[PDB]
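Chemist: Chains as they are written, first to last, in PDB author numbering: chain B, 2 to 294; chain A, 2 to 294; chain B', 2 to 294; chain A', 2 to 294. A prime marks a further copy of an entry chain.
In this text, a Cβ means the ideal position worked out from N, Cα and C, and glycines have one as well.
There are 4 protein chains.
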Amino acid sequence: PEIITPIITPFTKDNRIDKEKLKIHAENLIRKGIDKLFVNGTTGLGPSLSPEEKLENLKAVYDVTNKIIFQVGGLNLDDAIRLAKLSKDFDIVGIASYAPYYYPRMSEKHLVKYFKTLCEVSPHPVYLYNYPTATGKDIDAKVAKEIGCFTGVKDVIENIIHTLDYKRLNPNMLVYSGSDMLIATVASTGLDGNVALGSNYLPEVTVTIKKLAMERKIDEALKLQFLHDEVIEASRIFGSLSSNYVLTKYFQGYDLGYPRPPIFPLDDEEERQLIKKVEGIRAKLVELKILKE
Amino acid sequence: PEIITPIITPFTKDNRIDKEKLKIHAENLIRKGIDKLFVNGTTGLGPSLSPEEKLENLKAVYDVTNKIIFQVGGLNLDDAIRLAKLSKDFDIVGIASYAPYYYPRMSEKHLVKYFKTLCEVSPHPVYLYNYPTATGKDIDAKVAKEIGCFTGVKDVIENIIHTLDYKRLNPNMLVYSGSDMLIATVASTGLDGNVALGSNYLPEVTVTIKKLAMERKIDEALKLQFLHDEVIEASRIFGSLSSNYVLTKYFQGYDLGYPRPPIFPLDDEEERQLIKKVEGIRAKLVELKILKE
Amino acid sequence: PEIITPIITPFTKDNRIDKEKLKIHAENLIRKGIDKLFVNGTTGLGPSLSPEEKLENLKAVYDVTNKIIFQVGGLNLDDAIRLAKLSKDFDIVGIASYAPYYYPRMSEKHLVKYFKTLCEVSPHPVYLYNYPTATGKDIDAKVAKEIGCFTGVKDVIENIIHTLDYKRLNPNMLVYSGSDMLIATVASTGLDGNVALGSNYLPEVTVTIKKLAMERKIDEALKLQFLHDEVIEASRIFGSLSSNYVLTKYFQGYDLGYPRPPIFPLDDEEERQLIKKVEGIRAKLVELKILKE
Amino acid sequence: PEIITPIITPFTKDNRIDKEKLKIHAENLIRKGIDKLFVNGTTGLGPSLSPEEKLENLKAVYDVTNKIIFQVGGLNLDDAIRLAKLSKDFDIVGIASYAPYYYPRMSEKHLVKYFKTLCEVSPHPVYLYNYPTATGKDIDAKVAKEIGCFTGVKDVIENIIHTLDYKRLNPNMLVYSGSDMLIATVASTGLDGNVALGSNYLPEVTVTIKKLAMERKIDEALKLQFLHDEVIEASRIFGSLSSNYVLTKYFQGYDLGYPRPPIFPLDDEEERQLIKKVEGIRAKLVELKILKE
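(1) If the cut is a Cβ gap below 8 Å, which residues of chain A' does B'/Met182 touch?
(2) To which residues of the same chain is B'/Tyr259 closer than 6 Å at the C-beta, ignoring the five residues directly before and after it?
(3) Touch check for the segment 26 to 44 of chain A and the segment 275 to 292 of chain B: three-plus C-beta pairs under 8 Å?
(4) Does the structure place the segment 221 to 239 of chain B close enough to the segment 178 to 192 of chain B that three or more beta carbon pairs sit under 8 Å?
(5) Under 7 Å between C-beta atoms, does residue 1 of chain A make it to chain B?
(6) Over the uninterrupted alpha helix (DSSP H) stretch that includes residue 295 of chain B, give me the two end residues.
(7) May I ask you to list the residues that DSSP assigns as paired with A'/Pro7?
(8) Using a Cβ cut-off of 9 Å, pull out every chain A residue sitting near B'/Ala185, in sequence order please.
(9) For A/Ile282 and chain B', any beta-carbon pair shorter than 7 Å?
(10) Round the Cβ separation of B'/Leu87 and B'/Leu56 to the nearest angstrom and send it over; I've been treating them as touching at under 8 Å.
(11) If you scan the segment 94 to 118 of chain B' from start to end, which runs of the beta strand (DSSP E) of 3 or more residues do you find wholly inside it?
(12) Contact defined as beta carbons within less than 8 Å: I believe A'/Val176 pairs with A'/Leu198. What is the distance between those atoms, to the nearest angstrom?
(13) Indicate the three-state DSSP secondary structure (helix, strand or coil) for A/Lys168 in the structure shown.
(14) Specify, as a first and last residue, the run of the beta strand (DSSP E) that A'/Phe91 falls within.
(15) Whose C-beta lies closer than 8 Å to the C-beta of A/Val113 among residues of the same chain, with five residues either side of it excluded?
(16) Which partner residues of B'/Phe71 appear in the DSSP bridge assignment?
(17) Nearest CA to the CA of B/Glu53: which residue from B/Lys138, B/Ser200, B/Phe252 and B/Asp80?
(18) Assuming contact is defined by CB atoms lying nearer than 7 Å, are A/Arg237 and A/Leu46 in contact in what I supplied?
(19) So, are the CB atoms of B'/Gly194 and B'/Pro48 less than 7 Å apart?
(20) What's the gap between the Cα of A/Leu248 and the Cα of A/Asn131?
(21) Using the DSSP secondary-structure output, state which residues sit across from B'/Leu129 in a beta bridge.
(22) I'd like to know if the segment 62 to 77 of chain A and the segment 92 to 102 of chain A are in contact, where contact means that at least 3 CB-CB pairs between them fall below 8 Å.
(23) Residues of chain A' with CB closer than 7 Å to the CB of B'/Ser49, please, in chain order.
(24) Counting only beta-carbon atoms, is B/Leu213 nearer than 7 Å to chain A'?
(25) Using the beta-carbon of each residue, which ones in chain A' are nearer than 7 Å to B/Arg217?
(26) When DSSP builds the beta bridges, which residues end up paired with A'/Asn160?
(27) Within 7 Å (strictly less), CB to CB, does B'/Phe227 reach chain A?
(28) So B'/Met107 and B'/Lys138 are in contact, right, with Cβ under 8 Å, and what is the actual spacing, rounded?
(29) Helix, strand or coil, according to DSSP, for A'/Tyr177 in the structure here?
(30) Along chain B, in chain order, which residues have C-beta atoms closer than 8 Å to that of A/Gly137?
(31) B'/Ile162 versus chain A: which residues are under 9 Å apart at the beta carbon?
(32) Relative to the C-alpha of B/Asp36, which residue among B/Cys120, B/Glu216 and B/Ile4 is closest?
(33) Kindly list the residues whose CB is nearer than 7 Å to the CB of A/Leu257, restricted to its own chain and excluding five residues on each side of it in sequence; keep chain order.
(34) Mind pulling the chain A residues with CB within less than 8 Å of B'/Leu286?
(35) Can you tell me whether B'/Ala284 is buried or exposed? The criterion is at least 16 other CB atoms within 10 Å of its CB, across all chains shown.
(36) Within the same chain, show all residues whose beta-carbon is closer than 7 Å to that of B'/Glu109, passing over the 5 residues directly before and after it, in chain order.
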């Protein structure tokens, strides 16, 4: 099983992608044992990025590692098809696309066509980015098999039956979970790991949970999972997307700049009060020697 | 009360806004009694348009009428701010914005700041575009009061209490409904009108339904309202965002081009069947003399 | 249009139906202008009542008025069929049944059979008691027409499109709304009125809203609707089912005893604090002379 | 971990509990490795049973095994209290109760008092039966701690995080899952077992799936788990509450009679098709020698 990082997108104060901070972050992640980097996902504000910025993220992370999965979806097919085709000159793992978002109650025929269209033009493996809440629709294991070109899938959902059903109807298919709270459970049940936002700021923890569960040390893996759960919950107090920046700076040293409004940054006060609820968690992670003081 | 068309965006076979076909559509809608025009809404594929293109829609429709509500929402705040500002040189009704979409569980603080921001920069009345299903968050009567700079609201929701509650807490706010199926109901219960997707292809009807109920002939209004309900339902067969293009050509007699993929046009086969579904309905409206022969 | 009362079931301290208090309440209701009394509904804890107690309520209210609709549904068909048949000796409006509750995802065939079975044996008109939330399933206007024996329907839902669709596919059918917050809107849109829990403790208000909306005085009817809304909301603070007893005693004089645990009564403190939030409302109802001091 | 059967209730053609057929079913389940028996659950049509009949189920199954969890829930508190008390003369595992069903938006106060009440009277360990979909309210990990007298919980829910969270906040509580499709997953992630509807007709499988995963052969466990998933799905064709009767007779070779209408039996025609759906599955289990010829 793997741990993939939907890598944050650091923005400058003038709202420009910080290519240089993004690189320092990708290095720390690969350094600390992350398997691949999932680019332009929700955690990096993919839908907030222009086709040229979605490509920036690729080009800046490709200076660091070629263990990349490249998300290209939007509400303009010609834009996505271009991004799919330009990735040909990048030796990477694959490209990804979430279902066309916003517009509710799209037909199963129109969604299957969107994905098949991207397979017809892709120069790399195609991963499905199934996120029913964010997109408004669910490409479940049945429609995934109907489309029939998905090398893998990130299933962002709380129902683990839904996720396992991909591996049931699509046996050859890689099946990752988007939930950070199921890292220990996904590792132990025979799926191919997790795509973990929380690994942006605690890659140490996400990897160690994976290892403990791999070692059939489940009682221990749950000890550490539940701790990571408490951080996922603290970041939720002030908007997790905006708190993901604060928590990477607190746990990993370097800062990642700013998010893109309306994903507003935390102010100095929200930052203090958030640090105040993970101090205790950071300490026990140090006492367990999972983190360096 | 008023009938407002969330006006379709015609696209060229090259995925380009057809400014001339849109002008034709605006003229016709106004000639047939549409009060105002809602530009860059869901029906018009706003979330699929760029800021440059959202602006193109404004300038193109402003060439024919200035009864315009200019939607300017997106996931980049600076873009919405610039659009809002540039409207200053236009004599229009107001600007509007849906809540930032996609991202789940945004903080009420972040949400309120997004809207209050657009108010601080707006050179025109600010209307709330409330669409919980598509955007993934609800700006209810309470949060609207909290923001407290909305001249009006378009509430796309099944719960009509929700709609009435904007008038309960904001006694001076215009409250419209996003339902085509409540044109008669809204009029009769003292709400201010309907932003009707279906007024794109049957303005005569949407305006007549309102008329009858306001003449206190509620039984005649339901009789015609129920006829319009069948056109709404039939359009939903092949995805109503795409079927509006086929229905406007059928009923209003001019071409509106294509939608923007992943909002796929209907093919010859699907278009053929949809017209069969509404053949009879056209006949009942031509008998009742709501439509020209 | 009508106002029907899903009449409370007063219980004694030893948890026995208080036939005598129930009668005093039914009289006040008919006295104050309520059209019919809906017996064994949610508001009277129907599902908490044994087949013999469901019959008690009938026999005790039939000493007062024959304007009764008699709810008989449960999870035992033989029990319901008996109650349907014993009502033959009562000259009343009809019998009612909510869809079989609790068990999720029952088949459309098994639900249509439950209702048709009760029509085959009923000696009175059969009303549908559609409450999707309480029962877990929705007998929408299409399945109502499929069953094809419903004289009417109480539609407990916030979506008024759903409710109107009964009158669209079932034109002969009586269509009442279960929502107390749509009394003014239902009266004005051409449906046959409301079944109002709130008329247990403010029948004066529910009737006056109906009358104002009947008089096409909608701006005035909304004034009074929104007030009733504030009481529906106050009763919600402490469990509305349990607060319905306190609010009938506060506004109508007589007390109705106790509810049936786990619908626990309010304690003296919750009763005081509830009275504290409707004092102001009771006053303005007096100043508008809708209520006698 | 453990496998627990929510044991079916056999009914006579006269809508009467078949105490002798139930005894047969209990014996067989125990002989085939079922740890305990959950009496008067959803699968057993508890909410359709009277207190007298819920008690009949206890005495009948207690004639064969005392590994019983005695469900005693209802909408009359006194009834549940009396059932709880009468269990004192039995050497059973515990008593259980779902949250009071039907009535929406019950107060957390009223809910907690309902459960704490059953604890104050219980002569046995109290297990929480958590089933948000059917009952209409969720007793999550936090409210369980707040009540704080539950030896264990059966969590019928798709969100497996929800389930893990009982163990997070209540480190000493037994946490079971109500999913047949997570027998392998639960075992492997350190949770305490599954209350499986499907163990009624395929105990051999449900116990084997658990076995394999606990022998660390997770790939073999999924292989058999996915086979059981097809039996769950097929049963759902004609309503799985009724299909269990047909599947137990098919697989275990004895008759369990009828369910209780409105939980309608399958007819000759529906029963015929369901067996066709599971013909092949029986073959794969007989080859793999999980079933006798």
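Modeler: In brief:
(1) Those within 8 Å of B'/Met182 in chain A' number zero; the least Cβ separation is about 15 Å.
(2) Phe12 and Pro266
(3) no
(4) Yes, since at least three Cβ pairs between the segment 178 to 192 of chain B and the segment 221 to 239 of chain B fall closer than 8 Å, the two stretches touch.
(5) An answer regarding residue 1 of chain A cannot be provided, because it is not within the stretch 2 to 294 covered by chain A.
(6) This structure cannot settle anything about residue 295 of chain B, because the visible part of chain B is limited to 2 through 294.
(7) Answer is A'/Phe39, bridged to A'/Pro7.
(8) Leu165, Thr190 and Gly191
(9) no
(10) 7 Å
(11) 95 to 99
(12) Not confirmed; about 18 Å, so no contact.
(13) In this structure, A/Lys168 counts as helix in the three-state DSSP scheme.
(14) Where A'/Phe91 is concerned, there is no enclosing beta strand (DSSP E), given that its DSSP letter is neither H nor E.
(15) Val144, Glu147 and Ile148
(16) B'/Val40 and B'/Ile96
(17) It is B/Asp80.
(18) A/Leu46 is positioned such that its CB atom lies no closer than 7 Å to that of A/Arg237.
(19) no
(20) 26 Å
(21) B'/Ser98 and B'/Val154
(22) yes
(23) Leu76 and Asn77
(24) no
(25) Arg217
(26) B/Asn160
(27) For B'/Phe227, the nearest beta carbon of chain A is closer than 7 Å to its own beta carbon.
(28) 6 Å
(29) strand
(30) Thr134, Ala135 and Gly137
(31) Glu159, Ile161, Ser180, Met182, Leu183, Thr186 and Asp230
(32) B/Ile4
(33) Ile9, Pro11, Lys22, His26, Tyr246, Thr249 and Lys250
(34) Result: empty, since nearest Cβ-Cβ is about 17 Å, beyond 8 Å.
(35) exposed
(36) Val144
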